[PDB]
Amino acid sequence: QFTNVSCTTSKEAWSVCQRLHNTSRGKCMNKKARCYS
């Protein structure tokens, strides 16, 4: 239940946490998208 996209800013990839699962809690690391439901 994790994503493997590319992220830099923790606001960018919040429509990736929505469309995959059904949440709006998400932060990313150094280089990749993660989700925090």
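Participant: With reference to specific residues and values, describe the UniProt feature "disulfide bond" in the protein.
Facilitator: Measuring from sulfur to sulfur, the annotated disulfide partners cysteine 17 and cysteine 35 are 2.0 Å apart, close enough to count as bonded by the 2.5 Å criterion. Of this pair, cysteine 17 sits in helix 1 (residues 16-20) while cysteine 35 sits in the segment after helix 1, and the two are 18 residues apart along the sequence. A residue is classified by how much of its surface remains accessible, and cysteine 17, at 1% relative accessible area, is buried.

Participant: Which residues make up the environment of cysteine 28, and what are the values?
Facilitator: Take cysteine 28: it is sitting in the segment after helix 1. Given a relative accessible area of 13%, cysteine 28 falls into the buried group. Sequence-wise, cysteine 28 and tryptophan 14 are 14 residues apart; in three dimensions their C-alpha atoms are separated by 9.7 Å. The contact partners of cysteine 28, leaving out residues within four places of it in the chain, are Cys7, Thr8, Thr9, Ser10, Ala33 and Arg34.

Participant: Outline the state of the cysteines, supporting the account with residue identities and numerical values.
Facilitator: On inspection of all chains with the given rule, the structure shows two disulfides. Across a sulfur-sulfur distance of 2.0 Å, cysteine 7 and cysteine 28 are joined as a disulfide pair. With the S-S bond torsion at -55°, the cross-link from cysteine 7 to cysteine 28 turns out left-handed. In this pair, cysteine 7 sits in the segment before helix 1 while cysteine 28 sits in the segment after helix 1, placing the two residues 21 residues apart along the sequence. We note that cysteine 7, like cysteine 28, is buried.

Scoring rules and cut-offs
Residues numbered from 1 in each chain as written, not as in the entry; some residues may be left out. Heavy atoms only, no water. Residues with missing side-chain atoms left out of burial classes, pairs and counts. Disulfide = S-S within 2.5 Å. UniProt positions renumbered as here; feature names shortened; annotations may be inferred. Helix = DSSP H or I, 4+ residues; strand = E, 2+ residues; numbered from the N terminus. Buried < 20%, exposed > 50% of the residue type's maximum accessible area, 1.4 Å probe, protein only. Contact = heavy atoms within 4.5 Å.

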